[PDB]
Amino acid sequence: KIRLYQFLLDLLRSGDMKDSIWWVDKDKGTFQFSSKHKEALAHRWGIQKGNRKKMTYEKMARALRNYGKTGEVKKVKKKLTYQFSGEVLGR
């Protein structure tokens, strides 16, 4: 099954949830979630994964924080903003 960072990168490339997520600086790999429309994107992640419970942004962001140590995604000190690593972007 697809990994969360790849799910997000695929959405950003396809543009299918443009009102929920967007690039801030695609060259740097920085992206930002919609304050009002992030939950619809979280819901789609959980359904794609076939999880038992409804997915929420809180739980999705709990998973995102676990990438901080390995580096695929880092939190940026801006509201709802994160950054993919160069390695993730290159693939």
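The first residue of the shown sequence is 1; numbering continues from there.
- For the set 17, 80, 73, 9, the PDB entry assigns the largest Cα B-factor to 17.
- Among all modelled residues in its chain, residue 35 ranks in the highest third by Cα B-factor.
- Ranked within its chain, residue 52 lands in the highest third, by CA B factor from the PDB record.
- Among the modelled residues of its chain, residue 26 has a C-alpha B-factor that falls in the highest third, as given in the PDB entry.
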